[PDB]
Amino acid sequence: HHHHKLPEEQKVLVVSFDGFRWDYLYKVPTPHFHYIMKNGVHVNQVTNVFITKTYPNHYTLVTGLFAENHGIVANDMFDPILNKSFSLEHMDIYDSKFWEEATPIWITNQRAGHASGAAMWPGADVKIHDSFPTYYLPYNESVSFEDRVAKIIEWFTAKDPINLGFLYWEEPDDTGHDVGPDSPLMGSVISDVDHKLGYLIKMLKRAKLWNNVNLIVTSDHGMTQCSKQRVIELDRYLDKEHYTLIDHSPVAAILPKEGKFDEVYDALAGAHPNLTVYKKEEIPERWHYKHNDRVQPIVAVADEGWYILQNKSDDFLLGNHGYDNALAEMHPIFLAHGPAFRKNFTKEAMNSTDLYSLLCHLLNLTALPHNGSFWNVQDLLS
């Protein structure tokens, strides 16, 4: 018979499938994504932040800030005040000072008395302002999706449960790089990701969380097809001895050596039609990228689908991202299901800087100063 159920605090689980381009939903049958759509909300065009790389965009999701403000401007950075480098590829990400120009939402959540949990979310196993999420996993890409889900569900159902979870998975980004997003093999990995989403849905239902957790499924960026016929080779124009390459492609962050600034700029600007060379102060305002000492004196941006190689042996991948965030192929999926969200609703656009204000609203937190607007996304809510 129908009876009372104890009022639960509002809960949110944010899931990021890395590199899940907005239109991947249509490359193969995605019944579990479509199940969420039919019972939830879906935004066609999510404008993420420049540069359209993993660490800048995940930190935007948990701060509501543009990259010049939260300071995670790239996956590879050099901070001249710290005189230190940051590099994802070397797992050299744990220097707290690279993160401390902002405060991620899990800290704000916990300062309000709640508990947060993170299962491989970029930056969640880093000490920031002397704090971690209440529960987190040390980053390890080899941990299965099923084990990450198991931890999330354990934490949402613990003696002292979390109200806010973050779950992360490295596909379809990794395969998109390997084969290129135009490859028919992308169907296999997208289908697998849809199966993993179905596994998550099944476990949320089994744990009696499905109808009381607001599940948000999104990503950090998309992916575009590259080609060995679309390469810009810097050593055709520049003496490698006269600059340091802080980040390579498709946004080359260039630090000329002492006195070589005008040599480097003059040699590279207009050298190739698909490489736009900006002096820091000329960087487009719409990217909200330039007001930060981690933005190097010269930033050279390749057009969509072009690769910057410093020399003939530099890295090349059939898929890449990082390009202009106005480009549709850089845009991630966004869909959601839960008691706070409408059902079978589709909206054309959102800015990824708005998610932070949505999360703060759902959890009844006081948002720190940010660049998004709850009013832009209030129509997703029931």
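Residue positions are given as counts along the sequence shown, with the first one as 1.
Per the PDB record, of the two stretches 324 to 332 and 40 to 48, 40 to 48 carries the greater mean B-factor over its C-alpha atoms.
Averaged over their C-alpha atoms, the temperature factors of 363 to 371 and 11 to 19 are higher for 363 to 371. Residue set 97, 90, 294, 148: peak C-alpha B-factor at 90 (per PDB entry). Highest C-alpha temperature factor among 288, 195, 159, 221 per the entry: 159. Among the modelled residues of its chain, residue 164 has a C-alpha B-factor that falls in the middle third, as given in the PDB entry. Residue 313 sits in the highest third of its chain by CA B factor, as recorded in the PDB entry. When the modelled residues of the chain are ordered by their C-alpha B factor, residue 341 lands in the highest third. Per the deposited record, the Cα B-factor of residue 124 falls in the middle third when ranked against the other modelled residues of its chain.
Residue 260: CA B factor in the highest third of modelled residues in this chain (values from the PDB entry).
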